[PDB]
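K.L.:
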Amino acid sequence: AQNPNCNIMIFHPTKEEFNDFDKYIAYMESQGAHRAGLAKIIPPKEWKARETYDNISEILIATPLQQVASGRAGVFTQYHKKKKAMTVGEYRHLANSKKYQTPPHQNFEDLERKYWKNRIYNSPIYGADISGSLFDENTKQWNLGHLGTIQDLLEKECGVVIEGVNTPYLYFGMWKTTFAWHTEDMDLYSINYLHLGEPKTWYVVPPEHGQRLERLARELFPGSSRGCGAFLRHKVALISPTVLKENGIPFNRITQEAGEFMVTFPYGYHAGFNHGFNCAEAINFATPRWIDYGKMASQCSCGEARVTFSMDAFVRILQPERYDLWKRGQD
Ligand SMILES: O=C(O)CNC(=O)C(=O)O
Ligand SMILES: [Mg+2]
Ligand code: NI
Ligand SMILES: [Zn+2]
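Start counting the sequence shown at 11; every next residue gets the next number (PDB author numbering).
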């Protein structure tokens, strides 16, 4: 078995190898990359997502989210308070303000220490989940607005034609902005490109050990657990590396820098934080190997997780028994 310790793998494709997205994913899996839950892909040196970022300041963040924490430094939840709209230029200025800017630090490890020590005492503002793309239409390789769609993958593998669309999302981050422990909707893959700015640190649990994380989460968030049988779908809970180590949960960590892709694999729990002002683009995708994960994916039926139009069809076709109760949650 390749990669039996489930380490995060890093790939350096040539420009020739960067032509065929599906083939390269299947290559990475042949080397065991999926066992980690997360892989890094460094694009060929000749490749660019677009010519410059000089003209992005007029993008609108319609509903910036202030991430308010509750709990203890290593075990907390966050709630998202909606703020008034602002442009990316306004948000960048905010991120660079004395109140919100990255503190002085020695290296990524010192900054990671400061994040876990101090996150809960601040409420950074995240411009998340903004439909759109920053890839130039002329970028033909690994353009996250030009991928094969999940609906087309399901049709190719299973023969069934379904409604729905699959488009990317932009994330504008600042120091301390945080993504809670989660897997993707329907345990899909994700791909994330860091277009610009400061780094993003990731934590990941190997898919084969995801249920260990879930059992710990039920112990650490016991009222949430009684409220919903899949409450990590709410995307609100954080658990630090120190706490994961104290409880024997297998995980890995890596820092993504501007210009790099990350891929999360089906049922790979991940969480993380931004080091400073940045912009990422991400989208879900599927391969043939995903189908079985989609059939087995947990679902939130308490009503909190409230997800896309396109997930309807996935549930209806892959999980017809759950269909009924899950749609009661979504209506
Ligand atoms: O970048 C973020 O805030 C969150 N991104 C992801 O969870 C992802 O790409 O799967
Ligand atoms: Mg603009
Ligand atoms: Ni994700
Ligand atoms: Zn729920």
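Note that beta-carbon positions come from the ideal geometry of N, C-alpha and C, so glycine has one too.
What residue range does the alpha helix (DSSP H) around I301 cover?
P.N.:
Position 291 of the sequence shown, counting from 1, holds the residue named residue 301. Element bounds for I301: 300-306.
K.L.:
If you measure from the CB of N202, is any heavy atom of ligand 1 nearer than 7 Å?
P.N.:
Taking the sequence shown and counting its residues from 1, one reaches residue 202 at position 192. Inclusion of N202 in the 7 Å shell around ligand 1 follows from its C-beta lying nearer than that to a non-hydrogen atom of the ligand.
K.L.:
Is any heavy atom in ligand 2 found nearer than 7 Å to the beta carbon of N262?
P.N.:
Looking up residue 262 in the sequence shown gives position 252. Because no heavy atom of ligand 2 lies under 7 Å away, the Cβ of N262 does not count as near it: no.
K.L.:
Mind listing, in chain order, the continuous alpha helix (DSSP H) runs of no fewer than 4 residues lying wholly within the segment 72-102?
P.N.:
none
K.L.:
Give a yes or no on whether the C-beta atoms belonging to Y199 and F324 are separated by under 8 Å.
P.N.:
In the sequence shown, counting from the first residue as 1, residue 199 sits at position 189. In the sequence shown, counting from the first residue as 1, residue 324 sits at position 314. No, these two residues do not count as a Cβ contact at 8 Å.
K.L.:
So which of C310, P114, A281, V171 has the shortest CA-CA distance to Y213?
P.N.:
Taking the first residue of the sequence shown as 1, we reach residue 213 at position 203. Closest option to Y213, Cα to Cα, is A281.
K.L.:
Could you spell out the range, first to last residue, of the alpha helix (DSSP H) harbouring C289?
P.N.:
Numbered from 1 along the sequence shown, position 279 holds the residue referred to as residue 289. Counting along the chain, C289 falls outside any alpha helix (DSSP H), though it belongs to the beta strand (DSSP E) covering 288-295.
K.L.:
Closest to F241 by CA distance: which of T193, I259, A268, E218 is it?
P.N.:
As a working mapping, residue 241 is identified with position 231 in the sequence shown. Of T193, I259, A268, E218, the residue nearest in Cα terms is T193.
K.L.:
Which first and last residues belong to the beta strand (DSSP E) in which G137 is found?
P.N.:
Indexing the sequence shown from 1 puts residue 137 at position 127. Where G137 is concerned, the enclosing beta strand (DSSP E) stretches over 135-141.
K.L.:
Below 7 Å CB to CB, which residues in the same chain sit around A190 once its five sequence neighbours on both sides are set aside?
P.N.:
Position 180 of the sequence shown, counted from the first residue, corresponds to residue 190. Within the same chain, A190 has close Cβ partners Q88, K245, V246, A247, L248, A281.
K.L.:
What residue does the beta strand (DSSP E) around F283 start on, and which one ends it?
P.N.:
Counting from 1 along the sequence shown, the entry for residue 283 is found at position 273. Per DSSP, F283 belongs to the beta strand (DSSP E) from 280-284.
K.L.:
Give a single yes or no on whether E194 has its beta carbon closer than 7 Å to a heavy atom of ligand 3.
P.N.:
Position 184 of the sequence shown, counted from the start, is the residue given in the question as residue 194. At least one heavy atom of ligand 3 is nearer than 7 Å to the Cβ of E194, so yes.
K.L.:
Would you give the residue range spanned by the beta strand (DSSP E) that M272 belongs to?
P.N.:
If you number the sequence shown from 1, residue 272 lands on position 262. Residues 271-274.
K.L.:
Under the rule that 16 or more other beta-carbon atoms within 10 Å means buried, what is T24, buried or exposed?
P.N.:
Start at 1 with the first residue of the sequence shown, and residue 24 comes out as number 14. Under this definition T24 is an exposed residue.
K.L.:
Which runs of the beta strand (DSSP E), 3 residues or longer, sit entirely within the segment 158-208?
P.N.:
179-183, 188-192, 199-207
K.L.:
Please name the residue in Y181, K166, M184, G158 whose C-alpha comes closest to that of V175.
P.N.:
The sequence position of residue 175 within the sequence shown is 165, counting from 1. It is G158 whose Cα lies nearest to the Cα of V175.
K.L.:
Going by DSSP in three states, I52 sits in which element: helix, strand or coil?
P.N.:
Here the question's residue 52 lines up with position 42 in the sequence shown. Reduced to three states, the DSSP call for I52 is coil.
K.L.:
Measure the Cβ-Cβ separation of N17 and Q41 and say whether it is below 8 Å.
P.N.:
On the sequence shown, position 7 is the one that residue 17 refers to. On the sequence shown, position 31 is the one that residue 41 refers to. Result no, Cβ atoms of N17 and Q41 do not sit closer than 8 Å.
K.L.:
Give the range of the beta strand (DSSP E) segment to which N262 is assigned.
P.N.:
The residue labelled residue 262 in the question sits at position 252 within the sequence shown. Segment 262-266, the beta strand (DSSP E) holding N262.
K.L.:
In whole angstroms, what separates the C-alpha of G183 from that of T97?
P.N.:
Here residue 183 is taken as the residue at index 173 of the sequence shown, counted from 1. Here residue 97 is taken as the residue at index 87 of the sequence shown, counted from 1. Distance from the CA of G183 to the CA of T97, rounded to the nearest whole angstrom, comes to 13 Å.
K.L.:
Could you tell me the boundaries of the alpha helix (DSSP H) in which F118 lies?
P.N.:
Translated into positions along the sequence shown, residue 118 becomes position 108. 118-128 is the extent of the alpha helix (DSSP H) around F118.
K.L.:
Helix, strand or coil: which one does DSSP assign to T24?
P.N.:
Position 14 of the sequence shown, counted from the first residue, corresponds to residue 24. Coil, per DSSP.
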